[PDB]
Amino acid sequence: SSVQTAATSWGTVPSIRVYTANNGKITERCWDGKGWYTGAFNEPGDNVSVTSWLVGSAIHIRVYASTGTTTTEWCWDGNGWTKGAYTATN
């Protein structure tokens, strides 16, 4: 019933991203040190997890969005959210 969240952060400022699954939709709130704002991520799902890593100064984010038994990976690599190659054990 309650919304479900996932969070990641990078750097020392820091940057933070919080993903919320609410009524089948996952949205994103962002912090880079100057206030919270709404990010570009919008994808369907009831459950969400996230991980991220830096390559130098560039952030890479992977969001795992689940509905039923299907998990979709979404990828941020600097230029829009793209569907990743992740598949389950099937």
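A residue's number is simply how far along the shown sequence it sits, counting from 1.
For the pair 2 to 10 and 81 to 89, the mean B factor over Cα atoms is greater in 81 to 89.
The PDB entry assigns the greatest CA B-factor among 58, 30, 26, 63 to 58.
Per the PDB record, residue ranking by Cα B-factor puts residue 40 in the highest third of the chain. Compared with the other modelled residues of the chain, the Cα B-factor recorded for residue 15 ranks in the lowest third.
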